[PDB]
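Heads up: the structure comes next, in structure tokens.
Lettering follows sequence order; numbering is per chain, from 1.
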Amino acid sequence: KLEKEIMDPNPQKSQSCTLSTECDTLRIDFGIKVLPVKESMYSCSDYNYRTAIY
Amino acid sequence: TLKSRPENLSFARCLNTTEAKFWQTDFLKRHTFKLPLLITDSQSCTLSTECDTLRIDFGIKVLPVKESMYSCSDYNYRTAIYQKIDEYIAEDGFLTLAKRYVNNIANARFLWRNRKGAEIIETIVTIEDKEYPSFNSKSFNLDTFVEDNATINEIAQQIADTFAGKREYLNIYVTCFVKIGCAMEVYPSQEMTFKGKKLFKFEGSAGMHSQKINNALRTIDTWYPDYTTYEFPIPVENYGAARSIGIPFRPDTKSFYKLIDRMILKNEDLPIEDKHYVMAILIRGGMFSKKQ
Amino acid sequence: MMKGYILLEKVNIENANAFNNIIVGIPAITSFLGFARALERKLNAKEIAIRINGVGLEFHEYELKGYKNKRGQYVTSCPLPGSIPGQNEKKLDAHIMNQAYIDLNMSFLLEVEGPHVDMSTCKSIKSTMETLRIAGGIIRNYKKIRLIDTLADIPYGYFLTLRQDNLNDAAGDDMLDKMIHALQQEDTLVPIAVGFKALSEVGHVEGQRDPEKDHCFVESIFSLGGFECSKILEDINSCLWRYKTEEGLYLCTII
RNA sequence: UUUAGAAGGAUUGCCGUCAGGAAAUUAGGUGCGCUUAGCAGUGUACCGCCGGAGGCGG
């Protein structure tokens, strides 16, 4: 393949993201919810295992 | 100890370039005046009657070379890479390569077609809040490399120190003034159509892609096998290739794949020119993996 | 003085005989070997020395003349009888005997041995095959007559080969029980007719077709066979039918 | 030198009438897509010109 295709162009599609010419800083906003740990057990087919975990 | 390259190996860039934006200007009142330059609907772009100067503004970010590996699936190869890099920073502090990169800025190679047929070209380089003394641009050949210019040395020292690791970042901002004359064509970069020449617009005005400028700065390879015959710098590539004239200048044992699987898999001490080329490929970046 | 292989490719035969007193289906192998011998005898009267010493039978499609009922069984069809010589030849309706007819597309691999085996031999076979029959059927068209060298120049199809080992190693108490048991175990085998066995001695009787030859009264003998593809085959020699003659037995075998 | 050699299956036709599928429900827990790049190739060829069709100038 190197003999027959070492010089052959390669168009490719892509996407990019840059800032403007008048700005120099990035701002990121997000949020977190915190919940209790004992009230986070969704399914258990044996009650004794649940009591042991608790 | 080591038998092959890992199944996932990648390097990031250490020379990040912003996109360029075009302006119109007059020469004698250049530092008090600036106007936009737009593309006139093929598509073509030509300077106004009242102006005779193109202005190019772009910037470069310089990052360290050790902290530029994104993935490696084998810790031993990572330790080998870091040992070879510290052996390079023992001998030469990334200084010859950096001098060549500042030389490509000074030569004004980034003006691809816009360099022929100009009468005054000036380039000023800004780092931090200090503006360094300007450049003449038409006193530097496109086939040599000056090594005795003081301002080039002062920029190249900081670029070399930032790649070494003694500094964590450097931001370089460059402005260029090209006097072509009134009503002349400016020739900006052309987009990819997956008919007609469709040009590239950035923030309403015209400009060049960052890839085209980065191709200009990487023409620093003068260590290829057949250098004495054709004596012209080639841009840095793996299977070393020049789209200018149709010839693979590195098909075989001087390519990057063998030269890196002859330094880390078989711990042989290579010549300094091949080490220069391998480090230049690592300041370029790419995916270097191996099936199985 | 030379040996080669000639292929007769994709021949259409219409209305070939399909009844051998216990079998309705594929015609007997002696008809195909007699077609090969008749082609040999017609080529040697045009002063072209050749000898066919082996034939391979390849199958591509078939159609039995009749229909299939709702229960999955075949019902055969026969043409309306015409005038038949005898004591009731001047009557309007004649008798209906036992008959069956089949339609085939097949290909033949011939092993020829002569002084010259070029493509002029192929042209002579092309000129001599429009005056012959296969079983009792007519040839409508053929595709191409050509020389072959290896197993990869053969078109796709399914060949017929002898499976006498699967009949001698089965059940017991008589040969017909072995036949029925061997047909119940592996379902991809067929009964075929493979020649003749004597029922008298050799001599001269009155009423022969040629009154200058030897004569014997015979009975047909039957064996087992199977189908193998043309891309799973080992050698050319393992699919070629040949003649063999003992004292009292007239057979067709794959050595 | 082929279980050889031979063959007209034909004509005609009214499938019809009626009808309740119906009731109940818990899909749920977890998670890094991602390292590289010059839209080039030359980006396309204009007016004529005699001739009458066929051939050079800028």
Hey, does [X] reach any base, or is it just sugar-phosphate, or nothing, if we go heavy atoms under 4.0 Å?
X: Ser14(A); answer: nothing
X: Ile213(B); answer: nothing
X: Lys213(C); answer: base

Dot-bracket notation for RNA chain D is requested: 5' to 3', Watson-Crick or G-U wobble pairs only, both distances under 3.5 Å, with ( ), [ ], | and . as defined.
.............................................(((((...)))))
Of the listed nucleotides [options], the one nearest the side chain of [X]:
X: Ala38(C); options: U1(D), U3(D), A40(D); result: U1(D)
X: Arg13(B); options: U2(D), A37(D), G38(D); result: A37(D)
X: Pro79(C); options: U3(D), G38(D), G9(D); result: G9(D)
X: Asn17(C); options: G5(D), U1(D), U3(D); result: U3(D)
X: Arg218(B); options: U36(D), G8(D), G38(D); result: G38(D)
X: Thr193(B); options: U36(D), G43(D), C39(D); result: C39(D)
X: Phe35(C); options: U36(D), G38(D), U2(D); result: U2(D)
X: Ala12(B); options: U3(D), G38(D), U35(D); result: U35(D)
X: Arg37(C); options: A37(D), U2(D), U1(D); result: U1(D)

For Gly285(B) and for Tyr101(C), locate the closest nucleotide of RNA chain D by heavy-atom distance; then report the residue assigned to the nucleotide nearer the 5' terminus.
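The answer here is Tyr101(C).
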Closer to the 5' end of RNA chain D via nearest nucleotide, is it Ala28(C) or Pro85(C)?
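Of the two residues, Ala28(C) wins.
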Reading the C1'-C2'-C3'-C4' torsion of [N], is its sugar north or south?
N: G20(D); answer: south
N: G31(D); answer: south
N: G8(D); answer: south
N: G13(D); answer: south
N: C18(D); answer: north

Would you call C46(D) syn or anti, using the 90° rule around 0?
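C46(D): anti.
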Kindly label the base of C49(D) as syn or anti, based on whether its glycosidic torsion lies within 90° of 0.
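Judged by the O4'-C1' to base torsion, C49(D) sits in anti, the angle falling more than 90° away from 0.
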Round to the nearest Å and state the distance from [X] atom [atom1] to [N] atom [atom2].
X: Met97(C); N: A6(D); atom1: CE; atom2: P; answer: 19 Å
X: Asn8(B); N: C32(D); atom1: CG; atom2: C1'; answer: 14 Å
X: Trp112(B); N: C39(D); atom1: CH2; atom2: P; answer: 11 Å
X: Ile102(C); N: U3(D); atom1: CD1; atom2: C1'; answer: 15 Å
X: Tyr243(C); N: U2(D); atom1: OH; atom2: P; answer: 9 Å
X: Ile245(B); N: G41(D); atom1: CD1; atom2: P; answer: 13 Å
X: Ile138(C); N: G5(D); atom1: CD1; atom2: P; answer: 12 Å
X: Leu217(B); N: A37(D); atom1: CG; atom2: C1'; answer: 14 Å

Taking all atoms of both residues into account, what is the closest heavy-atom pair of [X] and [Y], and its distance?
X: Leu259(B); Y: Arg250(B); result: CD1-NH1, 4.2 Å
X: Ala193(C); Y: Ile23(C); result: N-CD1, 4.2 Å
X: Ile192(C); Y: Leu224(C); result: CD1-O, 4.2 Å

Does [N] have OP1 or OP2 under 4.0 Å away from a side-chain N or O of [X]?
X: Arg209(C); N: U2(D); value: yes
X: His209(B); N: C39(D); value: yes
X: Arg133(C); N: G5(D); value: yes

Same-atom distance ([atom1]) from [N] to [M], integer angstrom:
N: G51(D); M: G57(D); atom1: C1'; result: 15 Å
N: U26(D); M: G20(D); atom1: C1'; result: 33 Å
N: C49(D); M: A53(D); atom1: P; result: 13 Å
N: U44(D); M: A40(D); atom1: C1'; result: 15 Å
N: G13(D); M: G9(D); atom1: P; result: 23 Å
N: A19(D); M: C15(D); atom1: P; result: 23 Å

Please state yes or no: are the six-membered rings of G33(D) and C34(D) less than 5.5 angstrom apart at their centres, with planes tilted under 30 degrees?
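Ring centres under 5.5 Å and planes under 30°, so yes.
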Base-over-base contact, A37(D) with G38(D): centres under 5.5 Å, angle under 30°:
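Result for this step: unstacked.
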Assess, by modelled atom type and distance only, whether the side chains of [X] and [Y] contain a donor and an acceptor separated by less than 3.5 Å.
X: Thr193(B); Y: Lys198(B); value: no
X: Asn8(B); Y: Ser71(B); value: no
X: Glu14(C); Y: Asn12(C); value: no

Can you sort out which residues in residues 42-54 of chain A have a heavy atom within less than 4.0 Å of RNA chain D? Ascending by number, please.
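Those residues are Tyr42(A).
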Are [X] and [Y] close enough that some pair of their side-chain heavy atoms sits under 4.5 Å apart?
X: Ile220(B); Y: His276(B); answer: no
X: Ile53(A); Y: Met41(A); answer: yes
X: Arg284(B); Y: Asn238(B); answer: yes
X: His215(C); Y: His204(C); answer: no

When the ring planes of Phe288(B) and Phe256(B) are compared, do they come out parallel, tilted or perpendicular, using 30° and 60° as the limits?
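The rings of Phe288(B) and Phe256(B) sit tilted, inter-plane angle from 30° to 60°.
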Taking only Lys NZ, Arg NE, NH1 and NH2, and the carboxylate oxygens of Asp or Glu, determine whether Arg242(C) and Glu111(C) approach each other closer than 4.0 Å.
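Yes.
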With sequence neighbours excluded, tell me which residues meet side chain to side chain contact (heavy atoms under 4.5 Å, CB included) with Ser220(C).
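For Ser220(C), the residues satisfying side chain to side chain contact (heavy atoms under 4.5 Å, CB included) (neighbours in sequence not counted) are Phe196(C), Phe222(C).
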